[PDB]
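>>> let's see this in three dimensions:
(chains A, B, C, D, E, F, G, H, I and J, ligands or ions: 4)
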Amino acid sequence: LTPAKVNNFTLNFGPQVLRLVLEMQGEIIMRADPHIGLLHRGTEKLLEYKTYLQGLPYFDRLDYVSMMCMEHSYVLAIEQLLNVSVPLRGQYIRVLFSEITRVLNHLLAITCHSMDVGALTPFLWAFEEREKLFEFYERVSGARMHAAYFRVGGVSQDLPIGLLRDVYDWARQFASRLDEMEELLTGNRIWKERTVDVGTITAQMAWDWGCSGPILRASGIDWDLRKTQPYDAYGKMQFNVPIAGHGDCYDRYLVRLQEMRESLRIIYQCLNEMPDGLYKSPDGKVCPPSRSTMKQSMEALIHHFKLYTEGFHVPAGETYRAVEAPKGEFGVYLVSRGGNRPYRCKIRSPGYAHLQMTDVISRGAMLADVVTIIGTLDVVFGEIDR
Amino acid sequence: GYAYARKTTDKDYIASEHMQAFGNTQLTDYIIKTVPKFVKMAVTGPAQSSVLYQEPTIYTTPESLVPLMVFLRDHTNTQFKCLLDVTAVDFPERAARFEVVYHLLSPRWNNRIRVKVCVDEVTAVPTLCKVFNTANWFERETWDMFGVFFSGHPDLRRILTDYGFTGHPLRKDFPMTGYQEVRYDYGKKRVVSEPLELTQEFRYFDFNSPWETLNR
Amino acid sequence: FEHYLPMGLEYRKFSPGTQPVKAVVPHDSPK
Amino acid sequence: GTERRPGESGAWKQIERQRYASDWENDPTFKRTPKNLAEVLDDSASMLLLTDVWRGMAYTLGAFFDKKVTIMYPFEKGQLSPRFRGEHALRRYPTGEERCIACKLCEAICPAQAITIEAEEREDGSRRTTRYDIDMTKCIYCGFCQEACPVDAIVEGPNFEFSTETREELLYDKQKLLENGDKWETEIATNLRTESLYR
Amino acid sequence: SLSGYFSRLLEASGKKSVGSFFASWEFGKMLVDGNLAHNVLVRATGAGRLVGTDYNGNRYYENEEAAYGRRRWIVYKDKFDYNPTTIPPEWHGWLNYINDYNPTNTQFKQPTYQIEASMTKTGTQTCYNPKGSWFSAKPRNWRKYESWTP
Amino acid sequence: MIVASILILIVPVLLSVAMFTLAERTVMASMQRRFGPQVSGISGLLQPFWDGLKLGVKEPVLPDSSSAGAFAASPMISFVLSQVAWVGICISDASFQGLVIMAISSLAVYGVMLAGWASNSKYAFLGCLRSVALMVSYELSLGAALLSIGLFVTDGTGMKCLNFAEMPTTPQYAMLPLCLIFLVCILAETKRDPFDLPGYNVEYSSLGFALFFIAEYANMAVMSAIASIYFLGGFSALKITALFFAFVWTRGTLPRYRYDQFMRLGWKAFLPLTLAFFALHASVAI
Amino acid sequence: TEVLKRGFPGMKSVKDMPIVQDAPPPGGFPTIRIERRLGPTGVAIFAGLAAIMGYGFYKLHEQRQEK
Amino acid sequence: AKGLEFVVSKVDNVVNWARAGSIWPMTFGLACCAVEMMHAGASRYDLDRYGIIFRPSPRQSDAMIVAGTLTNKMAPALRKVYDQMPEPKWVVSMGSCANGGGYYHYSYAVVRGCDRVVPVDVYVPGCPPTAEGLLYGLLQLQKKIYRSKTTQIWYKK
Amino acid sequence: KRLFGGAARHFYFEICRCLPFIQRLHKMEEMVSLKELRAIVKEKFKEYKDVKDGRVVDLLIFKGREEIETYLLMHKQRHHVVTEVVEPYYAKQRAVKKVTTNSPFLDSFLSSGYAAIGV
Amino acid sequence: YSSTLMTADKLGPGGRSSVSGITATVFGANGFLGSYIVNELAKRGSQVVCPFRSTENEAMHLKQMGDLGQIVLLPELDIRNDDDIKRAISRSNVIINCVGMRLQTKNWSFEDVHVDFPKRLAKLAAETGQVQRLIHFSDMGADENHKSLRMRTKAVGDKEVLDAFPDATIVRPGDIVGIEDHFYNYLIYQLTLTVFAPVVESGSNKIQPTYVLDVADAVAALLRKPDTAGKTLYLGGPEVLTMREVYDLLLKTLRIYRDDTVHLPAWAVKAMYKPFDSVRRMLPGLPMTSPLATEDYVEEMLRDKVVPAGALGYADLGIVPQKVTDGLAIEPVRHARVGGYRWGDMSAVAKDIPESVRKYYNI
Ligand SMILES: NC(=O)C1=CN([C@@H]2O[C@H](COP(=O)(O)OP(=O)(O)OC[C@H]3O[C@@H](n4cnc5c(N)ncnc54)[C@H](OP(=O)(O)O)[C@@H]3O)[C@@H](O)[C@H]2O)C=CC1
Ligand code: SF4
Ligand code: SF4
Ligand code: SF4
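Residues are numbered from 1 along each chain as shown, chains lettered A, B, ... in the order given. Ligands and ions are numbered 1, 2, ... in the order given. Let me share the structure:
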């Protein structure tokens, strides 16, 4: 139904993992057609052949920049159909480590955006604090990135003694690190002229384009899942919401920085309110027991045998749960048939929705701003291509 | 556009009492009474938005899906301005093996909803691009993964599989590892797909006890 | 203004495998 | 500062708008107009003579005379914890007998399918493995095997520098795993003496 | 202090004289390896003390005044083919900042089946190979049955 | 004799360009709370040498669908221009020596253009033009700045010329805005921040890439010597090193501009300012 | 079970089991800065620049007379 | 004759010295392991300290490190870029996804190890491997390059 | 006038219209002409000549549109043409009139203990 | 032994994960022909041993060609040492040799490569007792009464191998074409990058060039056929052409409008190549040296080099030799001219130019 005829303009933007095809009438972009699937690992079908605990590490490598947030949505989706209550200390730990993960995602995102723009110092500077928080992760789960810490009904292990000391010590100077980070771009005319009024987005388009996370906040939209649909101990937490009204790359930059500030505030509040008590749900028929308990009791040994081979049987049903991810709203749709494996597990990624805005946003822009669009979109193809 | 920042102070509250009570107890009944033709089956589920409430789920024919979505986005009481995603589920036991899924978010009233349409492999599903821009890529991915067609779409083509890939991997009958594997050949100097072969074949384990009652 | 990279003993003084105090982690509800 | 200015907008629609409409004036986030000679000179000092680059320059220059965090590998290493999940290894009892009893919990739990186990009863009546292989090129180092094993047989050792020139060297058998366990037993036992309070 | 600096340099390089040091091939390789030269001349020569010596001859030093993550460092005895694999595990934990235990202050339990540490054999033909490899002493046919022979 | 003098000029240029890129790396590391190249030789005093030898032993690849002669000659042409500029800096007595070097620098634009047309890369095709237009636009302002400088360059005999040895041995305190704009123009000429948006040599390799970098840093050093002679009141190693230190300082602290943005900046803020300053200097010097 | 783990000899009840976890020190951690923490007069800058430039102009005139 | 052989051996030593200490890889930001790779060049580890520079083109690239999973759709492009690498060249395999497929080894669209497409000189294990482990693997690559003797072979040809 | 309106012939005509541009863009001047390329496309159609649902034919045509479109934007490189277009033709015209006088059953028996599967 | 080699231990359909049960060692594997031979054997699921003299850098391309544990790399091979040869064939029932030389060297002469080493290899193969097939390679132009020293050494080595091992199979292909061959590439280096191209006499000598993949399938068939053991098979293309005709077709392929070739007497060519052939010894060898600048090449160009009448060829293997003048084998040489989009000034190529363009230029 369609011939080719006029070849004229032709472009190829990168096999190296985003492939981009654009259309210009010259120096100004008129069309932009991304092609994806170079990282589509078919995980959703792969999930069907794994137990709920077996498939948990799959969620580590969906957003390898922000991991515990990815774990949390799937865990909550399991638990809600399982009708399981999470202990207070576990909720505290989950919220605190989620804030740290959000800090890491914001740091890496802003540094990569800067390097794409042309600033290299903040990249290196912030990766030092990123290494600090990687050390924090390794201390608590033995893995730098793919912790697999979050568990159905709690977490794998309790926090080692002396961790909160170093957490507070890090927070005591993270504000200074952020301040020295800002002065390299905040008061710069070059950074603004590169970022100001590039990729303007409206509230109506954003809600039409399904935006989430900081991009939504920069359009004058009052929305945080942690305040509208709170989960775990986020309702108790008191913190502010940055708000911008231009939909600008500079605006999104400032919004992310203030989000980091609020994350630090929540980290402090969690640090000074850590409670003493159980960190795993007391239901041994879903939660694994202690090794000491397993080695001295027949019942816990039997439950360890069964759960670690067959696993708990989720009742048949369906649910969808989402989490206020640093890159937006990360949700997972769970379909239950009644067995020990999820029947159908659909994964919703905010970056995939944000990546769909390139063609309409890149219109009227320049090739120097496509990289700006991608960097400010804050997209990981691991979640985009599953 | 909605959910604009109005209050300069911190909010200790979520929504209003009357609106929340309606949306959590009589929302489904309101939907049923309003457009019963658009209603075919009703399930109020585990409340995607929050663990402590109830939320509905909609089943209908593909014929009236578009006006139903229009009303659900545009009704003064149902301002579902955010369509989260469109996906599908395979039910090989049924006459119609596909259950397409539609999810909505209402930041106006902190609510959510699920909409489902059950179809077979040879029935068209009118596209929701005219209602939501994001449906384009979701319809594309659903077609790529299951072959669910969407009539009237601007350009419906594969988005996630290989360029020359035929078949829909998320189908239940589709093999886990598939049929073809790809390797490079020095003689032809080209990277070529070849019949799938495994050094160690996959091991399937049957843990499902013959005593479990929850099996459905 | 706070300085990065504290000197010795001001950060992570004890290695994780040498905690000065024994750890008593509960693993069941007393009820 | 975060203020905005006319001409510093990086677009055409906005630039054309502000030079032909005073809409930016209604916006409070735009720096307000200078009103005297002093404010005009302040604006000129802001635009000309840089004065914005200068601050970041000075901060970077101070960073030049500042300390560093660089470490001299391999003569220096990093900081790690006993929970570290590294090279899988097989443990024994102090008398010398293998801890693994081929309950096959590790193979059952492993989502990587990287564990191949064959076993039968030993000549003494003992239940011992005949084939114990783990594919490190396939192992994801999740440690779920270490969580499932009820006799502390399989452990991810503190060894992480075990890269090989060929892929075949990573096809770990029972013998190499036992060698690794005998090598690294003391460190693993010391870590367990700490991890026991948490595991 | 020049005399103290040279005393530390001799006791770290393992030689007997400054003439023995500057004329040794280890110094010549130090003129081409900046990391090894930095070890020999800067980090070992600063303020700090020796901790202990392993059976491989490597030396361990600690400096409490340094910042975290850089207090401990080791000098390999094998000056031309230094490799981290030769560090014994009982020093590995203290080197890796995992525990505060070392042989000089902690008496561990030594199993009778303990295999000592050494250099890796990767890249060589003497390295480990699976039992179905061509380098194996006797090839294995893993068929799970016996073929009948006339 | 003349050939020997040329070679004696050549050797420090190559050695010091190697040292310049090494020190730029290392100072960037120092300003980034890291150490930089330190293993490759004593304190890393051997990195550029091994890098050059490595790119020497690396395989040169030639596209089969274009003219390879231009592909080879374009880095060759740029290197030749750099050597000629250095010779004119140190081995010249021309009355318009500054004008000679300005015209020489005008010629280096072609190498980027030659490479851009040479390879079959669309984004090379675009970036070569972008960099060409940037340097071409700033060349007018550089010439205007030299025009302003020439308004006071006089020898003892009373003839107005551009000889370097007759430049005053004092800084020109009365042309500081002119000096600043000239320094920013120099920054623009070398594709450095905030004008590093354009790379053009993407499909190049080996000693061709090495010669491109040699030409870039040699032109940077040439402009540094020009600035030192013009505004700093003499030609010396200390001033060269200080200017390079400041340039690394600026690179490590600033992001780059957009294409049309520095186009607008150069064509509406720099050239008119240089024109007005030239007119004022001509008026006062009367 | 847990009595054999956390219990002590002579323990009278299960409620007496001590708990030793990673906990904040008494009183909580000290407060931290959260928000952003932030020159020369343009008249003074212009005066200095003008003075330097005027000195340069005077030097230029003097050297021109000498030439 | 012995002196000429000695000169050949010394020249081989120098050639290995130059080629090992100036290895410039190319960036394939494929998946997880790239983040460890990015942190490896950061301030704490300083890949640049070891003569390592990441180049935008294969033409200046000395060796390839595979940091992330490889799909069937991406395999032709990876072979394309590797076939754009000039000689002498090497390949470093980092991560189980690159090693043998690992946690996607039974997927339908995953190339089970980058070995099946391109040769590999160094195999770095871990999911993800430590940046310290990547340092160790690249040092072992340097050790492999050290044992190389090219002009020794050529003189006896 | 034709079965299901004859959409299949319209699809074949459209693809044949678009064919020569593929030959010129993919350098098949020195392997094939328009005629035997058209024959290849014709033989592609014969795989489903016995379908009895118009809907299935419509979806087949739509997927064929996608295949020809990803052929049009060069998304499948020359190796795809090698592995699916011209080498299969060379094999088809190359193994003509083979000299094996054994029945296919006996061929399978001499081949292996199981029938061959896949291409 | 007859067909037990290819049938007894065959496991799987024949793919990469399949097992052919065949163990072989290939000498000269990293060479042009040996690389494709090894890639052909292993791809069917066979164990391959690859000992090499050159760098591991030049050999790494062979590592990918086999599965885990089926590529055996044996560095630092010494052809004067029989220990490495014994280790190379200690498990292989099949031996394949492609070690060949085209120019003499101060460290290796024609006899050393072409006579003594194959003879000792065959002796050790017979000593093993478990080897079933010994595959040796020679030239179609090999004859004991040739003036060319390399051809004479080749023929002598073939006779010696036949005497030592009765059941070894001799293969004598002619010109072999390929991406990295030693036939077309040097012809391009002589047509281009050079002022003038010498051609021996009239250059009407007849040769039968062939394709490498045909040779690989031929090796596979020879392993399949038992009767070919102890015989000699000659390999050639389906056409007979002269050096002049090949040069003309090459010029057409390169579309060069300037015939730079010249027909010269053989003595003139020898005198041209005389100075560099009397200095061939006492020299470790030099790069960028065509094998064409030798007197033995001139003697080759004075005789026809085609399959003998009644010789055993591709038809005996049930193999149809593909076209070498055109086809897929001609695409790589077309990439010197990229196949031709806008290269050169040529107008005679107006035959294949699109329609509307020719009416634009009105021919
Ligand atoms: N058209 C053709 O090419 C024809 C080829 N042949 C035969 O085919 C075989 C290969 O042809 P081709 O591969 O094109 O030629 P190549 O030169 O490409 O193959 C040369 C091989 O021989 C090896 N070799 C030579 N001498 C020695 C030695 N003294 N010690 C160790 N290895 C040695 C080389 O090893 P290194 O790489 O270390 O030198 C290289 O692997 C040759 O034996 C040739 O006689 C026969 C007729 C025609
Ligand atoms: S390692 Fe442990 S879990 Fe695995 S089979 Fe042996 S005893 Fe069982
Ligand atoms: S650590 Fe994880 S991947 Fe490795 S063997 Fe244990 S369970 Fe399997
Ligand atoms: S090996 Fe693991 S961490 Fe590395 S890219 Fe693959 S999944 Fe991610």
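
>>> going forward, measure contacts between C-alpha atoms and count neighbours the same way
OK.

>>> contact partners for the residue in chain G positioned nearest to chain D?
Among the residues of chain G, residue G:42 lies closest to chain D, at 5.2 Å counting by Cα to the nearest Cα. By Cα atoms under 8 Å, 6 or more residues apart in numbering or on different chains, the residues touching residue G:42 are D:38, D:41, D:42, D:45.

>>> ok, and the nearest residue to it once chain neighbours are set aside, which helix or strand is that part of?
Closest residue to residue G:42 apart from its sequence neighbours, by Cα to Cα, 6 or more residues apart in numbering or on different chains: residue D:42 at 5.2 Å. Here residue D:42 sits within helix D:37-47, counting by DSSP states H and E.

>>> neighbours around the closest residue to residue H:112 other than its chain neighbours, how many?
Leaving out its chain neighbours, the residue that sits closest to residue H:112 by Cα to Cα, 6+ apart is residue H:101, at 4.4 Å. By the criterion of other Cα atoms under 10 Å in any protein chain shown, residue H:101 has 25 neighbours.

>>> could you measure residue H:101 against residue H:118, distance?
As judged by Cα to Cα, to the nearest Å, residue H:101 and residue H:118 stand 15 Å apart.

>>> hmm, stretch I:45-65 in reach of chain B?
Yes. Using Cα under 8 Å from any Cα of the partner chain, we find that stretch I:45-65 touches chain B at I:55, I:56.

>>> off-centre distance for that stretch?
Per Cα atoms, centre = their mean, to the nearest Å, the displacement of stretch I:45-65 from the mean C-alpha position of its chain is 14 Å.

>>> any part of the longest strand belonging to chain D near chain E?
When chain D is parsed with DSSP state E, its longest strand is strand D:127-135. No. For strand D:127-135 and chain E, the contact criterion (Cα under 8 Å from any Cα) is not met; the two come no nearer than 10.1 Å.

>>> can you count the residues close to the residue in chain G that chain A sits nearest to?
Here the residue of chain G nearest chain A is residue G:22; by Cα to the nearest Cα that distance is 4.3 Å. Look at residue G:22: counted by other Cα under 10 Å, it has 20 neighbours.

>>> for residue G:53, give its distance to residue F:173.
In terms of Cα to Cα, residue G:53 sits 5 Å off from residue F:173.

>>> of the two, which one has the most company?
residue F:173 (22 against 18).

>>> residues touching the closest residue to chain E within chain C, list them.
Using Cα to the nearest Cα, the single residue of chain C nearest to chain E is residue C:7, 3.8 Å away. Residues near residue C:7 by Cα under 8 Å, 6+ apart: E:65, E:66, E:67, E:68.

>>> separation between it and residue D:67?
As judged by Cα to Cα, residue C:7 and residue D:67 stand 11 Å apart.

>>> buried ones among the contacts of residue G:42?
The neighbour count (16 or more other Cα atoms under 10 Å in any protein chain shown) marks D:41, D:42, D:45 as buried among the contacts of residue G:42.

>>> including distance to residue E:48, could the residues you listed go into CSV?
Below are the buried ones among the contacts of residue G:42 laid out as CSV (distance: Cα to Cα, whole Å):
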residue, distance to residue E:48
D:41, 57
D:42, 54
D:45, 52
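
>>> closest to ligand 1 among those?
Each of those was scored against ligand 1 by Cα to the nearest ligand atom, and residue D:45 proved nearest at 70.1 Å.

>>> wait, doesn't that closest one sit right on residue D:51?
Yes. The criterion here is Cα atoms under 8 Å, and residue D:45 meets it with residue D:51 at 7.2 Å.

>>> would you map the helices across chain D?
Ranges of helices in chain D, per DSSP state H, are D:13-18, D:23-26, D:37-47, D:53-64, D:105-109, D:144-148, D:174-195.

>>> could you do the stretch 151-300 of chain A as well?
A:163-182, A:189-195, A:203-208, A:214-217, A:225-228, A:249-271, A:291-296, A:298-307 (DSSP state H, counting those that start in this stretch).

>>> so what's residue A:260 up against?
Contacts for residue A:260 (Cα under 8 Å, 6+ apart) come out as A:102, A:103, A:106.

>>> which residues of chain E lie near chain D?
For chain E, the contact set with chain D under Cα under 8 Å from any Cα comprises E:35, E:39, E:69-70, E:72-76, E:83-85, E:89-90, E:92-93, E:95-98, E:108-111, E:113-117, E:122-123, E:127-130.

>>> so which of these are in strands?
Those of the residues of chain E next to chain D lying in strands (DSSP E): E:72, E:73, E:74, E:75.

>>> can I get those in TSV with neighbour count?
Formatted as TSV, these follow (neighbours: other Cα atoms under 10 Å in any protein chain shown):
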residue	neighbour count
E:72	24
E:73	25
E:74	25
E:75	23
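
>>> turn these into TSV, columns for distance to residue J:291.
Listed next are those as TSV, based on distance: Cα to Cα, whole Å:
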residue	distance to residue J:291
E:72	61
E:73	58
E:74	57
E:75	55
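
>>> I'd like to know how far residue J:28 sits from chain H.
According to Cα to the nearest Cα, to the nearest Å, residue J:28 and chain H sit 14 Å apart.

>>> returning to that earlier point: just curious, which of the ones in strands among the residues of chain E next to chain D is nearest to residue A:220?
The closest of those to residue A:220 turns out to be residue E:72 (Cα to Cα; 52.2 Å).

>>> beta-bridge partners for that closest one, please?
Note on residue E:72: beta-bridge partners by DSSP bridges are residue E:62.

>>> on that earlier part again, contact partners for the residue nearest to residue G:42?
Going by Cα under 8 Å, 6+ apart, residue D:42 touches G:41, G:42, G:43.

>>> chain neighbours aside, what residue packs nearest to the residue in chain J that chain H sits nearest to?
For chain J and chain H, the shortest gap (Cα to the nearest Cα) falls at residue J:64, measuring 4.7 Å. Spatially, and ignoring its direct neighbours in sequence, residue J:64 is nearest to residue H:119 (4.7 Å; Cα to Cα, 6+ apart).
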